[PDB]
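Shown here: input_7.json, JSON, C-alpha atoms and all ligand atoms.
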```json
[["chain", "number", "residue", "atom", "x", "y", "z"],
["A", 43, "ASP", "CA", -6.80, -2.55, -67.31],
["A", 44, "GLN", "CA", -8.36, 0.12, -65.09],
["A", 45, "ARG", "CA", -9.73, 3.23, -66.80],
["A", 46, "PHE", "CA", -9.59, 6.40, -64.68],
["A", 47, "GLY", "CA", -10.83, 9.52, -66.41],
["A", 48, "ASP", "CA", -9.17, 9.49, -69.83],
["A", 49, "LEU", "CA", -6.19, 7.52, -68.51],
["A", 50, "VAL", "CA", -5.59, 3.77, -68.27],
["A", 51, "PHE", "CA", -3.74, 1.94, -65.49],
["A", 52, "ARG", "CA", -2.46, -1.63, -65.74],
["A", 53, "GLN", "CA", -0.82, -3.47, -62.87],
["A", 54, "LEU", "CA", 2.39, -5.10, -64.11],
["A", 55, "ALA", "CA", 3.73, -6.45, -60.81],
["A", 56, "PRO", "CA", 2.78, -6.47, -57.11],
["A", 57, "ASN", "CA", 4.22, -2.95, -56.66],
["A", 58, "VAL", "CA", 4.40, -1.75, -60.29],
["A", 59, "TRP", "CA", 1.78, -0.17, -62.58],
["A", 60, "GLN", "CA", 1.89, 1.29, -66.08],
["A", 61, "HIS", "CA", 0.03, 4.55, -66.66],
["A", 62, "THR", "CA", -1.28, 5.39, -70.13],
["A", 63, "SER", "CA", -2.45, 8.79, -71.36],
["A", 64, "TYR", "CA", -3.63, 9.74, -74.84],
["A", 65, "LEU", "CA", -3.15, 12.83, -77.01],
["A", 66, "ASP", "CA", -5.36, 13.42, -80.04],
["A", 67, "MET", "CA", -3.23, 14.84, -82.82],
["A", 68, "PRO", "CA", -4.56, 15.68, -86.28],
["A", 69, "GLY", "CA", -3.91, 12.96, -88.87],
["A", 70, "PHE", "CA", -3.15, 10.18, -86.36],
["A", 71, "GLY", "CA", -5.95, 10.08, -83.79],
["A", 72, "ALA", "CA", -5.30, 9.35, -80.15],
["A", 73, "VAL", "CA", -1.67, 8.42, -79.45],
["A", 74, "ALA", "CA", -0.90, 6.51, -76.26],
["A", 75, "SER", "CA", 2.13, 7.15, -74.06],
["A", 76, "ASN", "CA", 3.17, 4.88, -71.18],
["A", 77, "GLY", "CA", 4.91, 5.60, -67.90],
["A", 78, "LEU", "CA", 5.40, 3.75, -64.61],
["A", 79, "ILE", "CA", 4.07, 3.94, -61.06],
["A", 80, "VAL", "CA", 6.03, 2.07, -58.38],
["A", 81, "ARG", "CA", 5.07, 1.49, -54.75],
["A", 82, "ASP", "CA", 8.14, 1.35, -52.48],
["A", 83, "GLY", "CA", 7.31, 0.72, -48.85],
["A", 84, "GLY", "CA", 5.26, 3.69, -47.71],
["A", 85, "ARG", "CA", 5.86, 5.95, -50.71],
["A", 86, "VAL", "CA", 5.20, 6.08, -54.46],
["A", 87, "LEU", "CA", 7.67, 6.73, -57.29],
["A", 88, "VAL", "CA", 6.64, 7.87, -60.77],
["A", 89, "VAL", "CA", 8.44, 7.42, -64.10],
["A", 90, "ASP", "CA", 7.44, 10.04, -66.72],
["A", 91, "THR", "CA", 4.43, 12.35, -66.71],
["A", 92, "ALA", "CA", 1.43, 12.16, -69.01],
["A", 93, "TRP", "CA", 1.05, 14.32, -72.13],
["A", 94, "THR", "CA", -0.45, 17.24, -70.16],
["A", 95, "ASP", "CA", -0.70, 18.72, -66.68],
["A", 96, "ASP", "CA", -4.40, 17.87, -66.38],
["A", 97, "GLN", "CA", -3.70, 14.23, -67.27],
["A", 98, "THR", "CA", -0.70, 14.13, -64.92],
["A", 99, "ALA", "CA", -2.94, 15.44, -62.13],
["A", 100, "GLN", "CA", -5.18, 12.43, -62.80],
["A", 101, "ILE", "CA", -2.21, 10.10, -62.30],
["A", 102, "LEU", "CA", -1.73, 11.55, -58.82],
["A", 103, "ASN", "CA", -5.48, 11.31, -58.24],
["A", 104, "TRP", "CA", -5.45, 7.62, -59.22],
["A", 105, "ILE", "CA", -2.47, 7.09, -56.89],
["A", 106, "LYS", "CA", -4.31, 8.73, -53.98],
["A", 107, "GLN", "CA", -7.30, 6.46, -54.55],
["A", 108, "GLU", "CA", -5.71, 3.13, -55.46],
["A", 109, "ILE", "CA", -2.46, 3.22, -53.45],
["A", 110, "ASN", "CA", -3.04, 6.07, -50.95],
["A", 111, "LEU", "CA", 0.68, 6.66, -50.33],
["A", 112, "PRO", "CA", 2.66, 9.90, -50.71],
["A", 113, "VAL", "CA", 4.48, 10.36, -54.02],
["A", 114, "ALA", "CA", 8.13, 10.83, -53.06],
["A", 115, "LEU", "CA", 9.69, 11.66, -56.45],
["A", 116, "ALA", "CA", 9.38, 11.33, -60.21],
["A", 117, "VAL", "CA", 11.91, 10.69, -62.98],
["A", 118, "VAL", "CA", 11.25, 11.83, -66.55],
["A", 119, "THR", "CA", 13.13, 10.14, -69.35],
["A", 120, "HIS", "CA", 13.61, 12.93, -71.92],
["A", 121, "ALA", "CA", 12.34, 16.33, -73.07],
["A", 122, "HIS", "CA", 9.73, 15.14, -75.56],
["A", 123, "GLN", "CA", 6.15, 16.08, -74.77],
["A", 124, "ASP", "CA", 4.90, 12.62, -73.89],
["A", 125, "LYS", "CA", 7.45, 12.39, -71.04],
["A", 126, "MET", "CA", 7.58, 15.90, -69.49],
["A", 127, "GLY", "CA", 4.32, 17.48, -70.67],
["A", 128, "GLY", "CA", 2.91, 17.30, -67.14],
["A", 129, "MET", "CA", 5.77, 18.62, -65.01],
["A", 130, "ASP", "CA", 3.60, 21.38, -63.50],
["A", 131, "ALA", "CA", 1.17, 18.90, -61.96],
["A", 132, "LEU", "CA", 4.06, 17.23, -60.13],
["A", 133, "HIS", "CA", 5.64, 20.49, -58.96],
["A", 134, "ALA", "CA", 2.24, 21.89, -57.94],
["A", 135, "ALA", "CA", 1.83, 18.84, -55.69],
["A", 136, "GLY", "CA", 5.28, 19.38, -54.15],
["A", 137, "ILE", "CA", 6.85, 16.30, -55.76],
["A", 138, "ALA", "CA", 10.59, 16.35, -56.39],
["A", 139, "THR", "CA", 11.38, 15.66, -60.05],
["A", 140, "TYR", "CA", 14.59, 14.34, -61.59],
["A", 141, "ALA", "CA", 15.83, 14.29, -65.17],
["A", 142, "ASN", "CA", 19.03, 13.98, -67.16],
["A", 143, "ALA", "CA", 20.91, 17.25, -66.80],
["A", 144, "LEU", "CA", 20.81, 17.39, -70.60],
["A", 145, "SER", "CA", 17.01, 17.07, -70.47],
["A", 146, "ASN", "CA", 16.73, 20.04, -68.11],
["A", 147, "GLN", "CA", 19.09, 22.02, -70.33],
["A", 148, "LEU", "CA", 17.02, 21.18, -73.42],
["A", 149, "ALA", "CA", 13.65, 21.71, -71.68],
["A", 150, "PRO", "CA", 13.00, 25.41, -72.53],
["A", 151, "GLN", "CA", 13.95, 24.91, -76.19],
["A", 152, "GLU", "CA", 11.45, 22.01, -76.19],
["A", 153, "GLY", "CA", 8.67, 24.00, -74.55],
["A", 154, "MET", "CA", 8.90, 21.80, -71.45],
["A", 155, "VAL", "CA", 9.23, 22.74, -67.80],
["A", 156, "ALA", "CA", 12.55, 21.50, -66.47],
["A", 157, "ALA", "CA", 12.77, 19.07, -63.59],
["A", 158, "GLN", "CA", 13.87, 20.47, -60.25],
["A", 159, "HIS", "CA", 16.98, 18.25, -60.02],
["A", 160, "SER", "CA", 19.55, 17.06, -62.55],
["A", 161, "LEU", "CA", 21.00, 13.57, -62.98],
["A", 162, "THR", "CA", 24.55, 13.04, -64.22],
["A", 163, "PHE", "CA", 26.03, 9.78, -65.45],
["A", 164, "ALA", "CA", 29.38, 8.03, -65.35],
["A", 165, "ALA", "CA", 31.12, 7.03, -68.57],
["A", 166, "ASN", "CA", 29.61, 3.52, -68.29],
["A", 167, "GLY", "CA", 26.10, 5.03, -68.40],
["A", 168, "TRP", "CA", 25.09, 4.38, -64.79],
["A", 169, "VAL", "CA", 23.74, 7.31, -62.81],
["A", 170, "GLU", "CA", 26.09, 9.02, -60.42],
["A", 171, "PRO", "CA", 24.76, 7.69, -57.09],
["A", 172, "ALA", "CA", 25.21, 11.14, -55.56],
["A", 173, "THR", "CA", 22.72, 12.62, -58.05],
["A", 174, "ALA", "CA", 20.08, 9.86, -57.61],
["A", 175, "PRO", "CA", 19.55, 9.66, -53.84],
["A", 176, "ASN", "CA", 16.75, 7.71, -52.17],
["A", 177, "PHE", "CA", 15.59, 6.32, -55.53],
["A", 178, "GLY", "CA", 14.80, 2.94, -53.96],
["A", 179, "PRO", "CA", 14.30, 0.35, -56.70],
["A", 180, "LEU", "CA", 14.64, 2.94, -59.51],
["A", 181, "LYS", "CA", 17.95, 2.22, -61.28],
["A", 182, "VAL", "CA", 18.55, 4.94, -63.86],
["A", 183, "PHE", "CA", 20.89, 4.16, -66.75],
["A", 184, "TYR", "CA", 21.83, 6.43, -69.63],
["A", 185, "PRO", "CA", 22.29, 4.26, -72.74],
["A", 186, "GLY", "CA", 23.70, 6.92, -75.03],
["A", 187, "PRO", "CA", 21.99, 9.01, -77.70],
["A", 188, "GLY", "CA", 19.16, 7.22, -79.49],
["A", 189, "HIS", "CA", 15.59, 8.46, -79.81],
["A", 190, "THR", "CA", 17.08, 11.69, -78.45],
["A", 191, "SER", "CA", 20.46, 12.75, -77.10],
["A", 192, "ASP", "CA", 19.14, 12.90, -73.51],
["A", 193, "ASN", "CA", 16.94, 9.79, -73.36],
["A", 194, "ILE", "CA", 17.40, 7.74, -70.18],
["A", 195, "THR", "CA", 16.07, 4.37, -69.01],
["A", 196, "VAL", "CA", 14.95, 2.92, -65.68],
["A", 197, "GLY", "CA", 15.09, -0.64, -64.38],
["A", 198, "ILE", "CA", 12.89, -1.64, -61.45],
["A", 199, "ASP", "CA", 14.90, -3.49, -58.81],
["A", 200, "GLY", "CA", 13.21, -6.53, -57.32],
["A", 201, "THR", "CA", 11.22, -7.16, -60.52],
["A", 202, "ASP", "CA", 11.95, -8.35, -64.04],
["A", 203, "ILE", "CA", 10.88, -4.93, -65.38],
["A", 204, "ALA", "CA", 13.00, -2.45, -67.29],
["A", 205, "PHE", "CA", 11.63, 0.73, -68.86],
["A", 206, "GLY", "CA", 13.11, 1.85, -72.17],
["A", 207, "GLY", "CA", 10.87, 4.86, -72.77],
["A", 208, "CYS", "CA", 10.74, 6.03, -76.37],
["A", 209, "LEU", "CA", 14.16, 4.49, -77.10],
["A", 210, "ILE", "CA", 12.65, 1.00, -77.36],
["A", 211, "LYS", "CA", 9.83, -0.03, -79.69],
["A", 212, "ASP", "CA", 8.07, -3.37, -79.49],
["A", 213, "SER", "CA", 8.98, -6.41, -81.57],
["A", 214, "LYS", "CA", 6.04, -5.76, -83.93],
["A", 215, "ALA", "CA", 6.94, -2.12, -84.64],
["A", 216, "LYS", "CA", 7.69, -1.38, -88.29],
["A", 217, "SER", "CA", 9.53, 1.91, -87.70],
["A", 218, "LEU", "CA", 11.58, 3.55, -84.97],
["A", 219, "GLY", "CA", 8.93, 6.24, -84.55],
["A", 220, "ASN", "CA", 9.95, 9.88, -84.43],
["A", 221, "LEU", "CA", 13.58, 10.24, -85.52],
["A", 222, "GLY", "CA", 13.39, 14.03, -85.82],
["A", 223, "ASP", "CA", 15.66, 14.35, -82.77],
["A", 224, "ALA", "CA", 17.34, 10.96, -83.11],
["A", 225, "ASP", "CA", 21.02, 10.06, -83.29],
["A", 226, "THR", "CA", 20.74, 7.62, -86.19],
["A", 227, "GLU", "CA", 24.43, 6.69, -85.83],
["A", 228, "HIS", "CA", 24.54, 5.58, -82.18],
["A", 229, "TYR", "CA", 20.90, 4.46, -81.83],
["A", 230, "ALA", "CA", 21.60, 0.74, -82.30],
["A", 231, "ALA", "CA", 24.43, 0.71, -79.75],
["A", 232, "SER", "CA", 22.35, 2.75, -77.30],
["A", 233, "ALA", "CA", 19.53, 0.20, -77.60],
["A", 234, "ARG", "CA", 21.88, -2.72, -76.97],
["A", 235, "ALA", "CA", 23.48, -0.87, -74.05],
["A", 236, "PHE", "CA", 20.04, -0.71, -72.42],
["A", 237, "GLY", "CA", 19.78, -4.47, -72.92],
["A", 238, "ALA", "CA", 23.23, -5.00, -71.38],
["A", 239, "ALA", "CA", 22.58, -2.71, -68.39],
["A", 240, "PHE", "CA", 19.54, -4.80, -67.37],
["A", 241, "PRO", "CA", 20.51, -8.23, -68.72],
["A", 242, "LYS", "CA", 17.93, -10.21, -66.71],
["A", 243, "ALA", "CA", 14.89, -7.96, -67.25],
["A", 244, "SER", "CA", 12.27, -10.13, -68.98],
["A", 245, "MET", "CA", 9.44, -7.54, -69.19],
["A", 246, "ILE", "CA", 10.38, -4.48, -71.25],
["A", 247, "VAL", "CA", 8.07, -1.49, -70.77],
["A", 248, "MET", "CA", 8.18, 1.26, -73.40],
["A", 249, "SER", "CA", 6.40, 4.53, -74.14],
["A", 250, "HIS", "CA", 4.28, 3.72, -77.18],
["A", 251, "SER", "CA", 3.47, -0.01, -76.97],
["A", 252, "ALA", "CA", 2.25, -2.67, -74.57],
["A", 253, "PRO", "CA", 4.99, -4.40, -72.51],
["A", 254, "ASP", "CA", 7.11, -6.76, -74.62],
["A", 255, "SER", "CA", 9.81, -9.37, -74.03],
["A", 256, "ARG", "CA", 13.52, -8.67, -74.53],
["A", 257, "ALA", "CA", 12.81, -9.16, -78.26],
["A", 258, "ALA", "CA", 11.74, -5.50, -78.34],
["A", 259, "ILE", "CA", 15.30, -4.51, -77.40],
["A", 260, "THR", "CA", 16.93, -6.69, -80.05],
["A", 261, "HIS", "CA", 14.30, -5.83, -82.68],
["A", 262, "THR", "CA", 14.81, -2.11, -82.02],
["A", 263, "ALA", "CA", 18.60, -2.42, -82.30],
["A", 264, "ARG", "CA", 18.28, -4.19, -85.66],
["A", 265, "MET", "CA", 15.93, -1.58, -87.13],
["A", 266, "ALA", "CA", 18.44, 1.02, -85.92],
["A", 267, "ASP", "CA", 21.17, -0.95, -87.72],
["A", 268, "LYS", "CA", 19.47, -0.13, -91.03],
["A", 269, "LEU", "CA", 19.78, 3.61, -90.28],
["A", 270, "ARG", "CA", 23.60, 3.57, -90.23],
["A", 301, "LIG", "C1", 4.46, 11.23, -81.02],
["A", 301, "LIG", "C2", 5.36, 10.25, -80.26],
["A", 301, "LIG", "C3", 6.17, 10.84, -79.12],
["A", 301, "LIG", "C4", 7.04, 12.08, -79.46],
["A", 301, "LIG", "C5", 8.50, 11.84, -79.01],
["A", 301, "LIG", "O1", 8.69, 11.43, -77.85],
["A", 301, "LIG", "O2", 9.40, 12.13, -79.82],
["A", 301, "LIG", "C6", 6.60, 13.35, -78.70],
["A", 301, "LIG", "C7", 5.30, 13.97, -79.24],
["A", 301, "LIG", "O3", 6.46, 13.06, -77.30],
["A", 301, "LIG", "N1", 7.09, 9.69, -78.98],
["A", 301, "LIG", "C8", 7.25, 9.09, -80.17],
["A", 301, "LIG", "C9", 8.09, 8.07, -80.31],
["A", 301, "LIG", "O4", 8.42, 7.64, -81.44],
["A", 301, "LIG", "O5", 8.59, 7.56, -79.29],
["A", 301, "LIG", "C10", 6.46, 9.73, -81.15],
["A", 301, "LIG", "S1", 5.77, 8.65, -82.47],
["A", 301, "LIG", "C11", 5.17, 7.26, -81.53],
["A", 301, "LIG", "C12", 5.65, 5.94, -82.14],
["A", 301, "LIG", "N2", 4.53, 5.57, -83.02],
["A", 301, "LIG", "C13", 3.43, 5.75, -82.07],
["A", 301, "LIG", "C14", 2.05, 5.59, -82.70],
["A", 301, "LIG", "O6", 1.85, 5.92, -83.86],
["A", 301, "LIG", "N3", 1.08, 5.08, -81.90],
["A", 301, "LIG", "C15", -0.26, 4.91, -82.47],
["A", 301, "LIG", "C16", 1.40, 4.70, -80.51],
["A", 301, "LIG", "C17", 3.66, 7.20, -81.70],
["A", 302, "ZN", "ZN", 10.59, 11.87, -77.48],
["A", 303, "ZN", "ZN", 7.45, 9.28, -77.06]]
```
Would you mind writing the file's structure down as C-alpha cells?
Ligand SMILES: C[C@@H]1[C@H]([C@H](C(=O)O)[C@@H](C)O)N=C(C(=O)O)[C@H]1S[C@@H]1CN[C@H](C(=O)N(C)C)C1
Ligand SMILES: [Zn+2]
Ligand SMILES: [Zn+2]
Amino acid sequence: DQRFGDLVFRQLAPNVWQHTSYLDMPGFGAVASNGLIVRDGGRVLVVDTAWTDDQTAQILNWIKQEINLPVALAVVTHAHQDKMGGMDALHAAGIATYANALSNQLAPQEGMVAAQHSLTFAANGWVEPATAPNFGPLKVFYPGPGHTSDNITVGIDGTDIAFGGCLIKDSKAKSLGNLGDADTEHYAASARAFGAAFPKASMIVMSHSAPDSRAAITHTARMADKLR
C-alpha cells in the first residue's frame, strides 16, 4: 500500500485503486473506510468520498500526483458519513457528483451535502441509463434496502471488481456493522441481488474491510438471514 498523508492507497487492478481514510471515534479508535479510484482513458472516476473534506481533498491530491488526469465525476453510495463526508472537496474542485436520488433526499437529515445529480433505478435495480451518462466502466446497481434504504453498489467493467460499499462485510466479519438505519427484513435479499447483478465479479471491494472473494457476499447474506 501507498500512504499519502493520513490516507492509504492500494492498487487493485491496472486502472483501479482503493482509497482508505480513517476517523478516530471515541471507544473504537481509528475506523477505516474504503472507496475506489478508477482511471478511464484520459479521466479519473471516484467512488465515495473520505470521512471528511480535508481527507477527500487529499484523495484528489494523490490523484493529481500519481495519475495526473482530470477527475470527471464521482459516485457516492449512501448518505452515511464515511461515504459522503467529503462532498465539499469534490464540489470545490468542480467535480460532478452523483448519488441515489434517495441519498440526496436524505442528505440534509443526515448532515451531509447532497450530490449535484440524482440517479434513479429501474425495477430490476439497474440504473436508468439516462441518469448515469458518461459513467464509462462504472455500472451502478441498486440492490434494495440493506445497510440503508438508499445504499447503491458499483461494478467496474473490464475488471473482476465489484464494490458493495457498507452493504457487504467480509467473510470474517462477525456482525453486519451499523444496523441503526438498516432494513433487517430485506437485507439478505439485497445482498444476494448485488451478487446476482455482478455474477462474475471475483474481487469484492467493501467499505470497512480489505477486498474479499465472493464469499463476502454469501457470508453477508447469511448473517442477514439471522436478522429476519
Ligand atoms: C462507523 C461505520 C460506518 C457508518 C455507516 O456507514 O453506517 C457511518 C459512520 O459512516 N459504516 C459502518 C458500517 O457498518 O458499514 C459503520 S461500523 C463499521 C463496521 N465495523 C467497522 C469497524 O469496527 N472497523 C474497525 C472497520 C466499522
Ligand atoms: Zn452507512
Ligand atoms: Zn460505512
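With all atoms listed in the file as the atoms that count, the residue of A:199, A:212, A:170, A:124 with the shortest distance to ligand LIG 301 (chain A) is A:124.
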Expected answer as a JSON list (two decimals) with C-alpha atoms, keeping the file's coordinate frame: residues within 8 Å of ligand LIG 301 (chain A), all atoms listed in the file:
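Below you can see result_26.json, which holds the result:
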```json
[["chain", "number", "residue", "atom", "x", "y", "z"],
["A", 70, "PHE", "CA", -3.15, 10.18, -86.36],
["A", 71, "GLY", "CA", -5.95, 10.08, -83.79],
["A", 72, "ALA", "CA", -5.30, 9.35, -80.15],
["A", 73, "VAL", "CA", -1.67, 8.42, -79.45],
["A", 74, "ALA", "CA", -0.90, 6.51, -76.26],
["A", 75, "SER", "CA", 2.13, 7.15, -74.06],
["A", 93, "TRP", "CA", 1.05, 14.32, -72.13],
["A", 120, "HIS", "CA", 13.61, 12.93, -71.92],
["A", 121, "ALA", "CA", 12.34, 16.33, -73.07],
["A", 122, "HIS", "CA", 9.73, 15.14, -75.56],
["A", 123, "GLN", "CA", 6.15, 16.08, -74.77],
["A", 124, "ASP", "CA", 4.90, 12.62, -73.89],
["A", 125, "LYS", "CA", 7.45, 12.39, -71.04],
["A", 189, "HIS", "CA", 15.59, 8.46, -79.81],
["A", 190, "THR", "CA", 17.08, 11.69, -78.45],
["A", 207, "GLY", "CA", 10.87, 4.86, -72.77],
["A", 208, "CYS", "CA", 10.74, 6.03, -76.37],
["A", 209, "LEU", "CA", 14.16, 4.49, -77.10],
["A", 210, "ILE", "CA", 12.65, 1.00, -77.36],
["A", 211, "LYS", "CA", 9.83, -0.03, -79.69],
["A", 217, "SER", "CA", 9.53, 1.91, -87.70],
["A", 218, "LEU", "CA", 11.58, 3.55, -84.97],
["A", 219, "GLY", "CA", 8.93, 6.24, -84.55],
["A", 220, "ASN", "CA", 9.95, 9.88, -84.43],
["A", 221, "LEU", "CA", 13.58, 10.24, -85.52],
["A", 222, "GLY", "CA", 13.39, 14.03, -85.82],
["A", 223, "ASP", "CA", 15.66, 14.35, -82.77],
["A", 249, "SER", "CA", 6.40, 4.53, -74.14],
["A", 250, "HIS", "CA", 4.28, 3.72, -77.18],
["A", 251, "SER", "CA", 3.47, -0.01, -76.97]]
```
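Of the listed residues (A:112, A:237, A:200, A:77), A:77 comes nearest to ligand ZN 303 (chain A); the distances count all atoms listed in the file.
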### Message
Between A:103, A:97, A:119, A:173, which residue has the minimum interatomic distance to residue 78 (chain A), considering all atoms listed in the file?
### Response
A:119
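Residues of protein, DNA or RNA having at least one counted atom within 7 Å of (7.2, -6.5, -58.2), given only C-alpha atoms, are residues 55, 56, 57, 58, 200 and 201 of chain A.
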### Query
Quick one: distance from CA of residue 182 (chain A) to CA of residue 45 (chain A) in Å, one decimal?
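According to the coordinates, CA of residue 182 (chain A) and CA of residue 45 (chain A) are separated by 28.5 Å.
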